Number of protein chains: 2
Amino acid sequence: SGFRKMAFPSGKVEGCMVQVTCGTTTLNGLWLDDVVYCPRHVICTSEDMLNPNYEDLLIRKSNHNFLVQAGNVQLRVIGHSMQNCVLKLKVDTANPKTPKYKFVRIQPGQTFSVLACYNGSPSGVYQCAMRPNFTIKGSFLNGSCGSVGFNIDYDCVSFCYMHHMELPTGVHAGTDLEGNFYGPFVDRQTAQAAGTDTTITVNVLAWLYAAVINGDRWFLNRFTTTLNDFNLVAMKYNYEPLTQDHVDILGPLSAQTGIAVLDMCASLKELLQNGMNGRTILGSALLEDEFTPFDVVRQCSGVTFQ
Amino acid sequence: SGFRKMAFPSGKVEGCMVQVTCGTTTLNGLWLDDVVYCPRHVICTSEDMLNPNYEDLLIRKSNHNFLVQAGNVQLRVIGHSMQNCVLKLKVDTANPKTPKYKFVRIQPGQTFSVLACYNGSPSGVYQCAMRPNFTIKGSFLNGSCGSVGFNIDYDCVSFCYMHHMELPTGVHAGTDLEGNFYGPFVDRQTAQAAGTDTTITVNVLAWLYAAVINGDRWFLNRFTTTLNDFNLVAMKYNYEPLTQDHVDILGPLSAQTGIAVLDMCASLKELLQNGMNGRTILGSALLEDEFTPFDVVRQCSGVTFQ
Ligand SMILES: *[C@H](O)[C@H](C[C@@H]1CCNC1=O)NC(=O)[C@H](CC1CCCCC1)NC(=O)[C@@H](NC(=O)OCc1ccccc1)[C@@H](C)OC(C)(C)C
Ligand SMILES: *[C@H](O)[C@H](C[C@@H]1CCNC1=O)NC(=O)[C@H](CC1CCCCC1)NC(=O)[C@@H](NC(=O)OCc1ccccc1)[C@@H](C)OC(C)(C)C
């Protein structure tokens, strides 16, 4: 028992991280087979950053402008192309550590592990959620661009995030691995703000189930509620609407604990209306929303990865 | 910016995990050079567990009683010895993925990453602290014994924990990698309880510095306090005494933020006496104590690992 903010084991991704230097910019790249993926703003200079035209910028580049360092090994760029906001550097060597992988674009509310890197070297791993406003609340300093987010499914690494930038509230924005930003953000250093965020309701409910699975039951009640009546309460507290498909996803957890989804909804409704009143759930005094239903089932039943 | 509960990259440890089966017990082992380390209770049967004499139990074992599985590769045990509460299985193959490593026994209040494993396969990685009562608040199910905790220092993996057991409050106990339990616990299935825990004061102060480094300043004040006067307040709220050596450790953080340690102590003192009053620090409504001063400096300046 117990319940922790748990990241996937990061070994399969660590074997893909490289350093990419161009001009005065150094950031991280992802080395899969003979291609290195990195943010296209690696080709911007300290004054191109305001309104860059990346097609012009890139056509002025030669392959030898790109310094790719894989550990103590300098990799030779033999070609480059831009796909949306990511640069793809064709290199002459296939990464022998390339895992089985996929590129996926995730939905808001889904979670992933971030492998924070600097100069091609991993610094730390942590769990994130794609917030409803398409930012992530990460931990990223200068040089971290090109760090990736990912999920592991048995043996397959699904990459879903590459880091590009930090917004003024301290939260983070980036793209999928095909270079499409999450959210309305653009890589260009003009004024942008995150947009109002909301709480991921289905995830809060999954975490309340995690709590029950782990012996916290003090927040439960006899009441039930209708989805309609729950969603009126959610709105007022800035929670995502709970859909019927959310309710279905929560089915396994509901069945394992014997608490009907709409009953947990009545519990959450009282937690929103009364607060927690000096009590904690799973070591938190806040309602936690960065565990998906799958996250809860995985950690509470012990799924592993080869 | 941002601040997350950050684990070390787990690749170096994942390459050491193996499955160890003996009788009807399966758990995890740590494969370093030609030795596999695992909990000695792997040799207990479902009724030896009450008052086992492990010397008798082990002398009745033959090497071929130990099934060691390294992926799709069955490893041959050529010898075994017991060291305190860990079994060491000599195997005929050196692990080619053996990292640079050390075995360290940590002090309470120190943090580490746990690589949760089942059947030799990593399930997830998360950050822990050795609690003052020598338990860890982990996430561990049946089959997780033999999972290890560790810190990484540049290129060297310092192993500090191996998982052995779960106590009735849901927290966890285990040993260092030389088999000495943390705390008064013994591997034997008789009544044991954790003992009263306390809050790791120096870590709370480091996290308050993390908050300042990241733009949270609402909890600061003009007051100062004496170490003596602070510790009278700490005691009443079940906090570890803050030593002068703690104050010294907090020096770099103090110098980087311009907030004298004893001034942060005045802030913590008011947080204890008034609570947070609907406000959060670094996304928490609780005072967080599982970041050491080194953890804060590492994450707020971007140290990496080769
Ligand atoms: C790559 O390693 C870094 C990672 C950042 C740095 C600190 N934390 C991080 O995660 N990325 C950057 O430094 C990028 C680089 C530009 C990206 C766009 C195209 C040109 C290169 N810049 C930023 O992340 C800045 N954010 C930003 O410009 O956002 C738009 C904006 C501009 C002006 C006002 C409001 C919003 C960061 C570094 O600037 C602030 C921290 C001041 C927001
Ligand atoms: C190894 O994979 C597991 C890991 C446990 C299982 C669930 N969570 C975990 O982290 N370890 C065990 O199952 C060990 C095995 C024994 C260890 C001692 C020597 C013999 C083998 N057992 C326990 O962890 C039990 N705890 C325990 O016995 O503690 C002492 C005790 C006994 C009786 C009353 C109070 C305290 C667990 C499984 O039992 C409880 C969960 C009921 C505490």
# chains A, B, ... in the order shown; residues from 1 in each chain; ligands from 1
>>> closest_atom_pairs(of="chain A", to="ligand 2", cutoff="12 Å", atoms="only C-alpha atoms and all ligand atoms", output="tab-separated table")
residue	atom	partner	partner_atom_place_in_ligand_line	distance
A:1	CA	ligand 2	8 (N)	5.7
A:2	CA	ligand 2	8 (N)	8.5
A:3	CA	ligand 2	8 (N)	11.5
A:214	CA	ligand 2	41 (C)	11.3
A:215	CA	ligand 2	41 (C)	11.9
A:300	CA	ligand 2	8 (N)	10.9
A:301	CA	ligand 2	7 (C)	11.2
A:302	CA	ligand 2	8 (N)	11.0
>>> interface_residues(of="chain A", to="chain B", cutoff="9 Å", atoms="only C-alpha atoms", output="VMD selection string")
chain A and resid 1 to 15 71 115 to 119 121 to 127 137 to 144 166 170 to 172 214 to 215 283 to 286 298 to 306
>>> residues_around(residues="range 179-192 of chain A", least_positions_apart="5", cutoff="6 Å", atoms="only C-alpha atoms", output="ChimeraX atom specification")
/A:49-51,84-86,134,174
>>> closest_residue(among="B:99, B:168, B:79, B:109", to="residue 241 in chain B", atoms="only C-alpha atoms")
B:109
>>> atom_distance(atom1="CA of residue 80 in chain B", atom2="CA of residue 95 in chain B")
16.8 Å
>>> select_by_dssp(residues="range 77-276 of chain A", states="alpha helix (DSSP H)", output="PyMOL selection string")
chain A and resi 201-213+227-236+244-249+251-257+261-274
>>> write_last_selection(atoms="N, CA and C atoms", output="CSV table (one decimal), in the first residue's frame")
chain,number,residue,atom,x,y,z
A,201,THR,N,-11.5,17.0,-13.2
A,201,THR,CA,-12.5,16.4,-12.3
A,201,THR,C,-12.3,14.8,-12.2
A,202,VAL,N,-12.2,14.2,-13.4
A,202,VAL,CA,-12.2,12.8,-13.5
A,202,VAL,C,-10.9,12.3,-12.7
A,203,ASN,N,-9.9,13.1,-12.7
A,203,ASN,CA,-8.6,12.7,-12.1
A,203,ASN,C,-8.8,12.8,-10.5
A,204,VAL,N,-9.5,13.9,-10.1
A,204,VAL,CA,-9.7,14.0,-8.7
A,204,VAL,C,-10.5,12.8,-8.2
A,205,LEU,N,-11.5,12.4,-9.0
A,205,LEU,CA,-12.3,11.2,-8.6
A,205,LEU,C,-11.4,9.9,-8.5
A,206,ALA,N,-10.5,9.8,-9.5
A,206,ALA,CA,-9.7,8.6,-9.4
A,206,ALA,C,-8.8,8.6,-8.2
A,207,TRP,N,-8.3,9.8,-7.8
A,207,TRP,CA,-7.5,9.9,-6.6
A,207,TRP,C,-8.2,9.6,-5.4
A,208,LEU,N,-9.5,10.0,-5.3
A,208,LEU,CA,-10.4,9.6,-4.2
A,208,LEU,C,-10.6,8.1,-4.1
A,209,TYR,N,-10.6,7.4,-5.3
A,209,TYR,CA,-10.6,6.0,-5.3
A,209,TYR,C,-9.3,5.4,-4.8
A,210,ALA,N,-8.2,6.0,-5.3
A,210,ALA,CA,-6.9,5.6,-4.7
A,210,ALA,C,-6.9,5.7,-3.2
A,211,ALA,N,-7.5,6.7,-2.7
A,211,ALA,CA,-7.5,6.9,-1.2
A,211,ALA,C,-8.3,5.8,-0.5
A,212,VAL,N,-9.5,5.5,-1.1
A,212,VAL,CA,-10.2,4.3,-0.5
A,212,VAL,C,-9.5,3.0,-0.7
A,213,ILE,N,-8.8,2.8,-1.8
A,213,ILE,CA,-8.1,1.6,-2.0
A,213,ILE,C,-7.0,1.5,-0.9
A,227,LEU,N,-25.3,13.2,-12.4
A,227,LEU,CA,-24.3,13.9,-13.2
A,227,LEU,C,-24.5,15.3,-13.4
A,228,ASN,N,-25.8,15.6,-13.8
A,228,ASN,CA,-26.2,17.0,-14.0
A,228,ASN,C,-26.0,17.9,-12.8
A,229,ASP,N,-26.5,17.4,-11.6
A,229,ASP,CA,-26.4,18.1,-10.4
A,229,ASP,C,-24.9,18.2,-9.9
A,230,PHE,N,-24.1,17.2,-10.2
A,230,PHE,CA,-22.7,17.3,-9.9
A,230,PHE,C,-22.0,18.4,-10.7
A,231,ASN,N,-22.3,18.4,-12.0
A,231,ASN,CA,-21.6,19.3,-12.9
A,231,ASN,C,-22.0,20.8,-12.6
A,232,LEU,N,-23.2,21.1,-12.1
A,232,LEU,CA,-23.5,22.4,-11.6
A,232,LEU,C,-22.6,22.8,-10.5
A,233,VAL,N,-22.2,21.9,-9.6
A,233,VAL,CA,-21.3,22.2,-8.5
A,233,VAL,C,-19.9,22.3,-9.0
A,234,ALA,N,-19.5,21.4,-9.9
A,234,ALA,CA,-18.1,21.5,-10.5
A,234,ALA,C,-17.9,22.9,-11.1
A,235,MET,N,-18.7,23.3,-12.1
A,235,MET,CA,-18.6,24.6,-12.6
A,235,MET,C,-18.4,25.7,-11.6
A,236,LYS,N,-19.1,25.7,-10.6
A,236,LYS,CA,-18.9,26.8,-9.6
A,236,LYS,C,-17.6,26.8,-9.0
A,244,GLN,N,-20.1,11.4,-19.3
A,244,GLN,CA,-20.5,10.0,-19.1
A,244,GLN,C,-19.3,9.1,-19.5
A,245,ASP,N,-18.5,9.6,-20.4
A,245,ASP,CA,-17.3,8.7,-20.8
A,245,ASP,C,-16.3,8.7,-19.6
A,246,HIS,N,-16.2,9.8,-18.9
A,246,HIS,CA,-15.4,9.8,-17.7
A,246,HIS,C,-16.0,8.8,-16.7
A,247,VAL,N,-17.3,8.8,-16.5
A,247,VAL,CA,-17.9,7.9,-15.6
A,247,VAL,C,-17.6,6.4,-16.0
A,248,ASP,N,-17.7,6.1,-17.3
A,248,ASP,CA,-17.3,4.8,-17.8
A,248,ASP,C,-15.9,4.5,-17.5
A,249,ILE,N,-15.0,5.4,-17.7
A,249,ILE,CA,-13.6,5.1,-17.5
A,249,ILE,C,-13.3,4.8,-16.0
A,251,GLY,N,-15.1,3.1,-14.2
A,251,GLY,CA,-15.8,1.9,-13.8
A,251,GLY,C,-15.0,0.8,-13.1
A,252,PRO,N,-13.9,0.4,-13.6
A,252,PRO,CA,-13.0,-0.5,-12.9
A,252,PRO,C,-12.7,-0.1,-11.4
A,253,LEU,N,-12.3,1.1,-11.2
A,253,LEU,CA,-12.1,1.6,-9.9
A,253,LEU,C,-13.3,1.5,-9.0
A,254,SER,N,-14.5,2.0,-9.6
A,254,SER,CA,-15.8,1.8,-8.9
A,254,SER,C,-16.0,0.4,-8.5
A,255,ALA,N,-15.8,-0.5,-9.5
A,255,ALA,CA,-16.1,-1.9,-9.2
A,255,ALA,C,-15.1,-2.5,-8.2
A,256,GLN,N,-13.9,-2.1,-8.2
A,256,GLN,CA,-12.9,-2.7,-7.2
A,256,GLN,C,-13.2,-2.2,-5.8
A,257,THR,N,-13.8,-1.0,-5.6
A,257,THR,CA,-14.0,-0.5,-4.3
A,257,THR,C,-15.5,-0.6,-3.8
A,261,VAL,N,-19.8,5.5,-9.1
A,261,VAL,CA,-19.1,6.7,-9.5
A,261,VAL,C,-19.8,7.9,-9.0
A,262,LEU,N,-21.2,7.9,-9.1
A,262,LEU,CA,-22.0,9.0,-8.7
A,262,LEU,C,-22.0,9.2,-7.2
A,263,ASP,N,-21.7,8.1,-6.5
A,263,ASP,CA,-21.5,8.2,-5.0
A,263,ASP,C,-20.2,9.0,-4.7
A,264,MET,N,-19.1,8.6,-5.3
A,264,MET,CA,-17.9,9.3,-5.2
A,264,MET,C,-18.1,10.8,-5.6
A,265,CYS,N,-18.9,11.0,-6.5
A,265,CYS,CA,-19.2,12.4,-7.0
A,265,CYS,C,-19.9,13.2,-5.8
A,266,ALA,N,-20.8,12.5,-5.1
A,266,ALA,CA,-21.4,13.2,-3.9
A,266,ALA,C,-20.3,13.5,-2.9
A,267,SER,N,-19.4,12.6,-2.7
A,267,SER,CA,-18.3,12.9,-1.8
A,267,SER,C,-17.5,14.1,-2.3
A,268,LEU,N,-17.1,14.1,-3.5
A,268,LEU,CA,-16.3,15.2,-4.0
A,268,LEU,C,-17.1,16.5,-3.8
A,269,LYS,N,-18.4,16.4,-4.1
A,269,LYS,CA,-19.3,17.6,-4.0
A,269,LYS,C,-19.2,18.2,-2.6
A,270,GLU,N,-19.4,17.4,-1.5
A,270,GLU,CA,-19.1,17.9,-0.2
A,270,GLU,C,-17.7,18.3,0.1
A,271,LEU,N,-16.7,17.7,-0.4
A,271,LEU,CA,-15.3,18.2,-0.2
A,271,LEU,C,-15.2,19.6,-0.8
A,272,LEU,N,-15.8,19.9,-2.0
A,272,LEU,CA,-15.8,21.2,-2.6
A,272,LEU,C,-16.5,22.2,-1.7
A,273,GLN,N,-17.6,21.8,-1.1
A,273,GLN,CA,-18.5,22.7,-0.4
A,273,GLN,C,-18.0,22.9,1.0
A,274,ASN,N,-17.4,22.0,1.7
A,274,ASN,CA,-17.0,22.1,3.0
A,274,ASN,C,-15.5,22.2,3.2
>>> residues_around(residues="residue 67 in chain B", least_positions_apart="6", cutoff="12 Å", atoms="only C-alpha atoms", output="MDAnalysis selection string")
chainID B and resid 18:29 36 42:43 73:78 89 91 119:120
>>> write_last_selection(atoms="C-alpha atoms", output="compact mmCIF listing (two decimals), in the first residue's frame")
# COMPACT_ATOMS: atom_id res chain seq x y z
CA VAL B 18 16.65 -9.24 -11.45
CA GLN B 19 14.07 -11.72 -10.23
CA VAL B 20 14.98 -14.04 -7.37
CA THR B 21 12.74 -17.05 -6.71
CA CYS B 22 13.19 -19.54 -3.86
CA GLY B 23 10.45 -21.98 -2.92
CA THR B 24 7.12 -20.19 -3.24
CA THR B 25 8.59 -16.71 -2.81
CA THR B 26 9.43 -14.37 -5.66
CA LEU B 27 11.01 -10.99 -5.07
CA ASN B 28 13.60 -8.66 -6.59
CA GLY B 29 17.36 -8.73 -6.39
CA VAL B 36 22.83 -10.61 -6.49
CA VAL B 42 13.28 -14.95 0.49
CA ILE B 43 14.27 -18.22 2.19
CA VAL B 73 18.34 -15.07 -19.02
CA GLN B 74 18.51 -17.59 -16.19
CA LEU B 75 21.54 -16.88 -13.93
CA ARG B 76 23.36 -19.67 -12.10
CA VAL B 77 23.99 -19.28 -8.38
CA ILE B 78 27.44 -20.61 -7.47
CA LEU B 89 23.98 -14.83 -4.20
CA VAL B 91 26.42 -15.86 -9.71
CA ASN B 119 9.42 -9.89 -10.85
CA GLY B 120 12.64 -8.10 -11.69
>>> atom_distance(atom1="atom 1 (C, counted along the ligand's line) of ligand 1", atom2="CA of residue 162 in chain A")
10.5 Å
>>> residues_around(residues="residue 163 in chain A", least_positions_apart="3", cutoff="7 Å", atoms="only C-alpha atoms", output="list in words")
residues 145, 146, 147, 148, 173, 174 and 175 of chain A
>>> write_last_selection(atoms="N, CA, C and O atoms", output="PDB file, in the first residue's frame")
ATOM      1  N   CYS A 145      15.176  22.995 -22.785  1.00  0.00           N
ATOM      2  CA  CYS A 145      14.463  22.757 -24.032  1.00  0.00           C
ATOM      3  C   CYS A 145      14.945  21.486 -24.699  1.00  0.00           C
ATOM      4  O   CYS A 145      16.128  21.136 -24.641  1.00  0.00           O
ATOM      5  N   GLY A 146      14.002  20.761 -25.282  1.00  0.00           N
ATOM      6  CA  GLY A 146      14.279  19.479 -25.870  1.00  0.00           C
ATOM      7  C   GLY A 146      14.116  18.291 -24.947  1.00  0.00           C
ATOM      8  O   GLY A 146      14.062  17.161 -25.443  1.00  0.00           O
ATOM      9  N   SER A 147      14.067  18.496 -23.617  1.00  0.00           N
ATOM     10  CA  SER A 147      13.603  17.436 -22.717  1.00  0.00           C
ATOM     11  C   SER A 147      12.228  16.955 -23.158  1.00  0.00           C
ATOM     12  O   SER A 147      11.408  17.745 -23.630  1.00  0.00           O
ATOM     13  N   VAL A 148      11.962  15.654 -22.982  1.00  0.00           N
ATOM     14  CA  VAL A 148      10.720  15.069 -23.472  1.00  0.00           C
ATOM     15  C   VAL A 148       9.881  14.504 -22.336  1.00  0.00           C
ATOM     16  O   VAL A 148      10.380  14.150 -21.252  1.00  0.00           O
ATOM     17  N   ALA A 173       5.252  25.355 -21.764  1.00  0.00           N
ATOM     18  CA  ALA A 173       4.581  25.049 -23.009  1.00  0.00           C
ATOM     19  C   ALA A 173       5.550  24.353 -23.938  1.00  0.00           C
ATOM     20  O   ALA A 173       6.760  24.606 -23.912  1.00  0.00           O
ATOM     21  N   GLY A 174       5.008  23.468 -24.752  1.00  0.00           N
ATOM     22  CA  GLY A 174       5.814  22.780 -25.719  1.00  0.00           C
ATOM     23  C   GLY A 174       4.934  22.049 -26.689  1.00  0.00           C
ATOM     24  O   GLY A 174       3.741  22.333 -26.798  1.00  0.00           O
ATOM     25  N   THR A 175       5.525  21.082 -27.371  1.00  0.00           N
ATOM     26  CA  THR A 175       4.871  20.462 -28.510  1.00  0.00           C
ATOM     27  C   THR A 175       4.815  18.961 -28.312  1.00  0.00           C
ATOM     28  O   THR A 175       5.452  18.409 -27.413  1.00  0.00           O
TER      29      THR A 175
END
